[PDB]
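Chemist:
2 protein chains.
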Amino acid sequence: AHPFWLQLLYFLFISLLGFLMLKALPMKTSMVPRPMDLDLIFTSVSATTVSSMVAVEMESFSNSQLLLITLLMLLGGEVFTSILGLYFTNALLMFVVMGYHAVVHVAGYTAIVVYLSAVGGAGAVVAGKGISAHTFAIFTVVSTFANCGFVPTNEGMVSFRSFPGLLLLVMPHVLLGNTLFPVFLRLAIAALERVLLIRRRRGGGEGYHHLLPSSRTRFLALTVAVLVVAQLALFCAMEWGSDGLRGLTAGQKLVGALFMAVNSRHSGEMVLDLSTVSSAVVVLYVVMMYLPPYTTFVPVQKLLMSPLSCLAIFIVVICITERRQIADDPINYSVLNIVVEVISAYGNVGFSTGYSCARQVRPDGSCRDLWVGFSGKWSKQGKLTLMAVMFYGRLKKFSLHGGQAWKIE
Amino acid sequence: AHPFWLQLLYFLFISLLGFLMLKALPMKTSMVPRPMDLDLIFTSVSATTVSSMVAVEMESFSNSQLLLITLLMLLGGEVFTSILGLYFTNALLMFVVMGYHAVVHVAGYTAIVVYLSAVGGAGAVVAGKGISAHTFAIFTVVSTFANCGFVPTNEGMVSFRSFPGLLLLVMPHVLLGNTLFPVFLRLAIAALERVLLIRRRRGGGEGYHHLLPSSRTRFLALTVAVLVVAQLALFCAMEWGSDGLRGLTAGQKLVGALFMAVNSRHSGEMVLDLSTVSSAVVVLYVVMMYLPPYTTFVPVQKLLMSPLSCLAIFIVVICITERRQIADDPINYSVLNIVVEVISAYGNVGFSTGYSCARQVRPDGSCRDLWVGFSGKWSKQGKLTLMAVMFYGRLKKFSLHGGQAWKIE
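Top to bottom, those sequences are chains A and B. In terms of the deposited numbering, the first sequence is residues 25 to 115, 207 to 310, 319 to 423, 446 to 554. In terms of the deposited numbering, the second sequence is residues 25 to 115, 207 to 310, 319 to 423, 446 to 554.
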């Protein structure tokens, strides 16, 4: 069995199960009609293929569907699908990877809740939202760590903006579950060595696709900081006296800047909104957000097309069939925003510029803009194509090749 | 001597000489003040690195500077720089390549002028422009064939729109000088064989970077038609009842559609305007316009970055330093338009969406919009960065590698 097919079926079945059990469960309170089936399946797909693509307000979700999405996105986190693959490849490192999965989860949702309760601060916010502190902590942890980014509140982290606690206490899980997974894996195996030599020193790699040679661990930790600090520097050199950053203090704004820079890689947790930000920053986000997480700067089948060519074709489709809204509301439906959304689907971040109705070239009729955050392109065909891009991007490691026959000079 | 350095100096010196002799020569009539030095050097760079980037109206150019640009873009056409490289590599195929250069030029500017004179039709247009029929034919031929696209008239080919003569009689030179150069080279060597075997059959290639194995000639002629027909089909399936295509007949509109599809690769001659065209067509143009001309679908130094990464960095720069106009006039300065311009500089097509002032979100003050056609980003820094992209894109064959150290999963 080709692991591509196996994981495709895994994700498809888990998404279907999540969608069904999300449809069944009660909705928060009773005054919100259940969203159309497409929105629900979109939320299930986003949760499974750890990303975000909110597409449905998170304050319109019960405390039961919150746990459902918790266990729908955990089953779909990178480390888990890695453990589930090791199990089949084992029929001993699986034990340690699962142990650290559990350890980091426990630390996360036993520290976030402690911060929430002990020091009130931004504790009344979640209480007003109707989300329990325990459920909020669980959802955030199983999201952020799985590098999903789904936040319990409609605001996202902008509600927790102006409070650095849940930003520096959450991001470490972004840096502990998706990109710097091998680095901390090796670093903790170094401590475990007190008691497992064959896993450390160079060899066959134990057939573990998420383990790298020691050289590449340190060299991938370099690419990260150099990209994280690059995004942080650009965002602090462009959007520092911006309109969406005025009421924050210097430290309480740099916290959000670092959160955005770190999460932009493959987590997708937003504290700002990607509409009042210069296009030279969202372009850098797109560029640093298309890159696969184990992409390293090492200074030391023919019918398939390259991932960038596939993204080009998908953007071509999104623009080809969602006309009459690009030509009607160009500011909101700018090809920059379309590209950002498509490459968020592909990169499994879930960055979204939203659909602030104030940006319409001309306000027509009743525009009671929802707080979904750019629920795709508000067309069924576009939502389906975006979900296809999402599924193609989750299993990107099995198609990253491409090209070949497209032979350049 | 690394040929990259030699050709860089060649292009730099030729551009400087062209700029100086363009500054010296009289301007058309006397009522047009000479454009600022940056615009003149921009025109020289565009002519040298066969592209377009009009940046200065062509009806404000004398009949002497027209010949200057004629001989400034010929010296810079791909075939010529290939012959000049063969000369140095010869210190016999140089003779045949030069012969066919001359033959196609002669046919072009002895047929276009014949069509212009014999059948009046769109002959009064150029007469009104003030451009002589002979000079118009020369400029068009030395442009189109060198795949430059500079058109003598301010309109471009939209003035010659509604007249298929100068569209199907010019495009063949687009398909005879840049992309299907090797195909016709081999096909004509087949006829010459009547009299040169070692150049045809597989061997060392004679060190000719513009010659391909017979298999790749037929396989590159495939990629072209399949891309040409793809662009033609998309443009005819989207922009066929458009506003900028209403007054044309079915055949007289399909002629322009085919002209746009064929020229979009590496010529850059516009009959329409890239503002009243759906973004799903300009996106396809960008995708089919970043590809190098000898790119084939074959179904049978560490500090450098990949060409797409370099383009990403250049677009990041263009957006980073040309702020306050993206946030002030988003419709005209859309990142889609910026990307189109940057990848036109890189691909050496010279496609330009123009700056129709009607597209401003709010018309402020006196906007006497020029007919330049998107003279860069109307900022000196942006014009310089665009010229740098242009020079980096002309000698793309010497940097197409890149990446390496950026090691993906």
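C-beta atoms are modelled at their ideal positions from N, C-alpha and C, and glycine is treated no differently.
1) Using the C-alpha atoms, what's the distance from A/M535 back to A/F496?
2) Are the stretch 255-272 of chain B and the stretch 80-97 of chain B in contact at 8 Å, needing three or more beta carbon pairs?
3) Bridge partners of A/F420, per DSSP?
4) So, at 7 Å on beta carbons, what are the nonlocal neighbours of A/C263 in its own chain, with the 5 sequence-adjacent residues on each side left out?
5) Using only CA atoms, which one of A/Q89, A/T255, A/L33 and A/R322 lies nearest to A/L49?
6) How is the alpha helix (DSSP H) around A/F37 delimited, first residue to last?
7) Applying the 10 Å Cβ sphere with the 16-neighbour rule, what's the burial state of B/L207?
8) Where does A/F519 fall in DSSP's three states?
9) For A/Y331, return the contacting residues in chain B, with the cut-off set at a CB-CB distance below 7 Å.
10) By how many angstroms is the C-alpha of A/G367 removed from the C-alpha of B/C512?
11) Does the structure place the stretch 397-415 of chain A close enough to the stretch 374-381 of chain A that three or more beta carbon pairs sit under 8 Å?
12) Comparing C-alpha positions only, which one of A/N482, A/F260, A/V485 and A/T105 sits nearest to A/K542?
13) Give me the residue from B/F296, B/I460 and B/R309 with the minimum Cα distance to residue 2 of chain B.
14) Would you say A/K552 lies against chain B (beta-carbon separation less than 9 Å)?
15) Please check the pair A/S387 and A/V494, which I expect to be a contact at CB under 8 Å, by giving their CB distance rounded to whole angstroms.
16) Could you check whether A/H249 and A/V228 sit closer than 9 Å to each other, using their CB atoms as the reference points?
17) Kindly list the residues whose CB is nearer than 6 Å to the CB of B/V298, restricted to its own chain and excluding five residues on each side of it in sequence; keep chain order.
18) Quick one, which residues of the stretch 480-494 of chain A are near chain E if we go by CB-CB under 7 Å, in chain order?
19) Using 8 Å as the Cβ pair cut-off and three pairs as the minimum, do the stretch 230-250 of chain B and the stretch 278-285 of chain B touch?
20) Would you call the stretch 521-540 of chain A in contact with the stretch 464-482 of chain A, where contact means no fewer than 3 C-beta pairs closer than 8 Å?
21) Where are the alpha helix (DSSP H) runs, 4 residues long or more, that stay fully inside the stretch 73-114 of chain B, in chain order?
22) Excluding sequence positions up to five away, which residues of its chain have a Cβ less than 8 Å from the Cβ of A/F342?
23) Residues of chain B with a CB under 9 Å from the CB of A/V506: which are they?
24) State the DSSP-derived secondary structure class of B/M272, mapped to helix, strand or coil.
25) Taking all protein chains shown into account, decide if B/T53 is buried (16 or more other Cβ within 10 angstroms of its Cβ) or exposed.
26) How would you write the range of the alpha helix (DSSP H) that A/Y491 sits in, first residue to last?
27) With distances taken from CA atoms, which of B/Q505, B/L397 and B/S501 is nearest B/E362?
28) Can you determine whether any heavy atom of the ligand GDP sits closer than 8 Å to the C-beta of A/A261, and answer yes or no?
29) Could you check where the alpha helix (DSSP H) with A/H389 kicks off and where it finishes?
30) Give me the chain A residues within the contact set of B/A344, using Cβ-Cβ distance strictly less than 7 Å, ordered along the chain.
31) Taking Cβ positions only, does B/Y417 come closer than 9 Å to chain A?
32) My assumption, with CB atoms under 8 Å, is that B/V506 sits in contact with A/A403. Please give the rounded CB distance.
33) Along the alpha helix (DSSP H) that carries B/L302, what are the first and last residues, could you check?
34) Look at the Cβ atom of B/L64, then the Cβ atom of B/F43, and state whether they are nearer than 9 Å.
35) If you reduce the DSSP assignment to three classes, tell me which class B/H332 lands in.
36) Any idea what DSSP makes of A/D63, helix, strand or coil?
Modeler: Taking the definition as stated:
1) 13 Å
2) yes
3) B/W551
4) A71, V74, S75, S76 and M97
5) A/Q89
6) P27 to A48
7) exposed
8) coil
9) Simply none; closest approach about 13 Å.
10) 31 Å
11) no
12) A/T105
13) Absent from the model: residue 2 of chain B. The displayed extent of chain B is 25 to 554, so no value can be given.
14) yes
15) 7 Å
16) yes
17) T340 and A344
18) In the displayed structure, chain E is absent; the protein chains listed are A and B.
19) yes
20) yes
21) 87-97 and 102-113
22) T419, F420, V421, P422 and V423
23) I476 and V506
24) coil
25) exposed
26) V480 to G492
27) B/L397
28) The ligand GDP is not part of the structure shown, which contains no ligands of any sort.
29) Looking at the DSSP string, A/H389 is not in any alpha helix (DSSP H), and its letter there is neither H nor E.
30) What B/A344 touches in chain A: nothing, since even the nearest Cβ is about 14 Å away.
31) yes
32) Contact flag wrong, Cβ pair sits at about 19 Å.
33) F296 to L307
34) yes
35) coil
36) helix
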